[PDB]
C-alpha cells in the first residue's frame, strides 16, 4: 500500500484538476482524502509531514463544506500530528474564523508550550493574532 507522500502527490493533483470548484467536485475531493486517511495508520505516521498535510487538508475542506461540524477533524489532526506547528496554526485559524479569538490564542500558546515545530511559525501566528489580523499566516514560503 502507498505511503503518505504518494497519497499527497495524487491528492494535490486532484485538487489542481478540481478547478473551477463546485459542490460536486468538493464532495469528490473530500471523499478521496477520506480514502487516504482510511489507508494510513496514524501510529506509523505521527512524525510524517505529508501525513500531517493530508489530515490538515481534510479538516480545512470540511471547514468549507460544514464549519459547524469541522472542529473534530482539527482535533483529530492535532492528536495525530502534534509535532507540526502548521497543524496547530490550521486549528487556530479555524477557531479565529468562527470568532473564537480566546480559543485561537490558547491553541497557539499550548503549541509553543508543547514544542511544536518550527517555533518561528507559531511566533508569527501569535503576533498576527495580537495585531488582530484575519489570517494567522499570509501567503508564506
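Residue numbers count along the first chain shown, from 1.
Comparing the deposited coordinates for 53-61 and 107-115, the stretch with the larger average C-alpha B-factor is 107-115. Taking the mean C-alpha B-factor of each stretch as recorded, 43-51 and 94-102 are not equal, and the higher mean is that of 94-102. Split the chain's modelled residues into thirds by C-alpha temperature factor. Residue 69 is in the highest one. Residue 24: CA B factor lies in the middle third for its chain, per the PDB record.
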